[PDB]
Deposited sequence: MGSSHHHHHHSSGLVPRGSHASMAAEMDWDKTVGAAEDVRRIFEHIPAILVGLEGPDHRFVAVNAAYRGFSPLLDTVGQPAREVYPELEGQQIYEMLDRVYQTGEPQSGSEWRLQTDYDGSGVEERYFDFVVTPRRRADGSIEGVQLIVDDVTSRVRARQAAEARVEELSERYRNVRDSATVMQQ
């Protein structure tokens, strides 16, 4: 078994690092993808805050299992990692991302987490 405090870090410290990681990060939990962790970069990309605990589909209903929630479901249900490339999201933006499962010690799936990358300027550079 692992000693988390010594091997990964103390919880408050690790939270503070996460907040400041220079990339868009999100953690979700349970079959309804409740927000469990979001850092400053994430909140910058979406200025809807005081957000932890609520189901994703509930804070972002303007989208609906299409086609992202459905891939969050697939990762949650099957544990198969999923990647997207250059997905449009209405300004008008494009995002790369990877979603992976999070397993408990018993091997069961607890939730998912994502790193997102804003690649708008890269596609917009296609003249």
Q: Mind pulling out the bits of the deposited sequence that never got modelled, as residue ranges from 1?
A: 1 to 25, 116 to 123, 161 to 185
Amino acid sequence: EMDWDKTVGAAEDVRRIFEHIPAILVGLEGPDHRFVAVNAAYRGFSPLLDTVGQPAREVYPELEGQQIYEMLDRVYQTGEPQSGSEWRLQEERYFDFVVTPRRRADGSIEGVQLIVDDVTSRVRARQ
From here on, numbers count along this sequence of modelled residues.
Q) For the stretches 66 to 74 and 97 to 105, which has the higher mean C-alpha B-factor as given in the deposited record? A) 66 to 74
Q: Decide which of the stretches 76 to 84 and 35 to 43 has the higher mean C-alpha B-factor, going by the entry.
A: 76 to 84
Q: Quick one: classify residue 52 as lowest, middle or highest third of the chain based on its Cα B-factor.
A: middle
